[PDB]
Amino acid sequence: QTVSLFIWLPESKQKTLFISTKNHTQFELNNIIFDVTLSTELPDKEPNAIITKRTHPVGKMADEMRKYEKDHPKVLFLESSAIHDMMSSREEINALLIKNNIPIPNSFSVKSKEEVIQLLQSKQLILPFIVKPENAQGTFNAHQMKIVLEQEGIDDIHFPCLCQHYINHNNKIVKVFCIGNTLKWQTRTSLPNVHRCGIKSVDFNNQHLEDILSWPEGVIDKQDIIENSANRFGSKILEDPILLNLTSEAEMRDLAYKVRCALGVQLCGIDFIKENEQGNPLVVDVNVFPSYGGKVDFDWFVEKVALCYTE
Ligand SMILES: O=P(O)(O)O[C@@H]1[C@@H](O)[C@H](OP(=O)(O)O)[C@@H](OP(=O)(O)O)[C@@H](O)[C@H]1OP(=O)(O)O
Ligand SMILES: Nc1ncnc2c1ncn2[C@@H]1O[C@H](COP(=O)(O)OP(=O)(O)O)[C@@H](O)[C@H]1O
Ligand SMILES: [Mg+2]
Ligand SMILES: [Mg+2]
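Residues 5 to 315 in the entry's author numbering are what the sequence shown spells out, letter by letter.
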């Protein structure tokens, strides 16, 4: 049997994702011949599956994608407009995680300051909390965060947004990347433990972690400033999370399967932290079709996508 897989990615994504690329490749896996094509443009001829990350929620690619899906219903998408749309909403992601009993830090999707005030006053939302935009993917603004340390720190929040209790997790985050059942994982630095010293809020963009160098004195312990300032608080690779005793392979596989089932996604990245590095994994982010650690092997990627397709 033959299966055609078509990888539809802009050059920008191709460059961040792959060490190198091939326009066309053919291989056998589990008694099936796979023909794989890579292009920046949609296929002229209908494949069995299109493998794609939509670059931005709105624009030409989004429009082309929806039209193509409607007009070619037999083509499997990894991943579809509907999946990208859901994963562009922090509300929708977290609602599905909650519905499927996947631990997260306590989270509230809010549309206004009055709502935040009511959650604080009723002791549902506990300080400190991180404020994440409702829009989750494809813009600089999607990654613009505020940590609210005191009630007064709510004044400049951008709505709508997710308010999520801030967990002191000792500045380690576990990243689990999935191509279906195939996983790759790592530990990175994250954010420092924070202190409620009187400062009302601080801000950072997750793409510009050097913002943290400008936080007022007292929010971060002086030793944490010493340990992280040389790297400008950048997201740095650490030792393997199993070797660090942060998690186990079985835990990561279980969690990843649960998340994939909850969200109906095959190509994703899951971020989790642990309070004081102990206890349940707390999922803080799920991303569609991530970078897989960046600069991955093209042949590896396509074989694992084919395996996923068969399953
Ligand atoms: O692969 P990563 O390390 O999880 O980082 C991704 C990645 O940078 C991705 O961009 P792209 O490589 O798919 O173009 C980001 O998506 P957007 O820029 O479209 O929003 C993700 O936000 C990153 O996720 P994170 O930094 O949480 O790891
Ligand atoms: N509830 C939380 N408590 C503490 N730190 C958090 C929490 N949620 C996220 N973070 C930190 O903030 C960073 C950005 O949050 P994340 O949800 O991953 O946003 P993005 O989707 O922009 O990557 C994470 O990498 C982690 O360091
Ligand atoms: Mg993240
Ligand atoms: Mg994200």
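Every residue gets a Cβ at the ideal spot worked out from N, C-alpha and C, and that includes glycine.
*Report the option in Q211, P220 and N209 whose CA atom is closest to the CA atom of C201.*
Position 197 of the sequence shown, counted from the start, is the residue given in the question as residue 201. Selected option, being the one with the closest Cα: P220.
*asked:* Between the alpha carbons of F38 and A310, how many angstroms are there, rounded?
replied: The sequence position of residue 38 within the sequence shown is 34, counting from 1. The sequence position of residue 310 within the sequence shown is 306, counting from 1. Roughly 7 Å separates the two Cα atoms.
*asked:* Taking 8 Å as the cut-off, is the C-beta of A260 nearer than that to any heavy atom in ligand 2?
replied: On the sequence shown, position 256 is the one that residue 260 refers to. No, since every heavy atom of ligand 2 falls outside the 8 Å radius drawn around the Cβ of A260.
*Which partner residues does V309 have in the DSSP bridge list?*
By 1-based counting over the sequence shown, the position of residue 309 is 305. Answer is none; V309 lacks a bridge partner.
*When you get a sec, list the residues whose CB is within less than 5 Å of any heavy atom of ligand 3, chain order please.*
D275 and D289
*Straight-line CA distance for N175 to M90?*
The residue labelled residue 175 in the question sits at position 171 within the sequence shown. The residue labelled residue 90 in the question sits at position 86 within the sequence shown. When rounded, the distance between both Cα atoms is 28 Å.
*Whether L213 touches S233 by CB criterion (9 Å)*: Taking the sequence shown and counting its residues from 1, the one referred to as residue 213 is at position 209. Taking the sequence shown and counting its residues from 1, the one referred to as residue 233 is at position 229. No, Cβ-Cβ distance for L213 and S233 is not below 9 Å.
*Which ranges would you report for the alpha helix (DSSP H) in the segment 53 to 115 if only whole runs of at least 4 residues count?*
64 to 75, 85 to 91 and 94 to 103
_For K74 and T56, what's the separation of their Cα atoms in angstroms?_
Here residue 74 is taken as the residue at index 70 of the sequence shown, counted from 1. Here residue 56 is taken as the residue at index 52 of the sequence shown, counted from 1. If I take the Cα positions, the gap works out to 16 Å.
*Are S205 and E138 closer than 9 Å when you measure CB to CB?*
Locating residue 205 in the sequence shown gives position 201, counting from the first residue. Locating residue 138 in the sequence shown gives position 134, counting from the first residue. Against a cut-off of 9 Å, the Cβ pair of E138 and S205 comes out as no contact.
*Please determine, among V120, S16 and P51, the residue with the shortest C-alpha to C-alpha distance to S8.*
In the sequence shown, counting from the first residue as 1, residue 8 sits at position 4. Ranking the options by Cα distance to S8, first place goes to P51.
_Other residues of its chain near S85: CB distance less than 8 Å, five sequence neighbours each side excluded_ = By one-based count along the sequence shown, residue 85 stands at place 81. Within the same chain, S85 has close Cβ partners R58, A66, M69, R70 and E73.
*Do you know offhand how far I246's Cα is from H88's?*
Against the sequence shown, residue 246 aligns to sequence position 242. Against the sequence shown, residue 88 aligns to sequence position 84. Using only the alpha carbons, I get a separation of about 30 Å.
*Find out if the Cβ-Cβ distance for the pair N110, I130 is shorter than 9 Å.*
As a first step, residue 110 must be located in the sequence shown, where it is residue number 106. As a first step, residue 130 must be located in the sequence shown, where it is residue number 126. In contact: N110 and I130 (Cβ atoms closer than 9 Å).
*If you follow the alpha helix (DSSP H) that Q18 is part of, which residue opens it and which one closes it?*
On the sequence shown, residue 18 is found 14 positions in, with the first residue counted as 1. Taken as a continuous stretch (DSSP letters only), the alpha helix (DSSP H) holding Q18 covers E15 to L21.
*Three or more C-beta pairs below 8 Å linking the segment 112 to 121 and the segment 158 to 165*: yes
*asked:* Extract the residue ranges of the beta strand (DSSP E) inside the segment 134 to 175, only unbroken runs of 3 or more that lie entirely within it.
replied: 148 to 152 and 165 to 169
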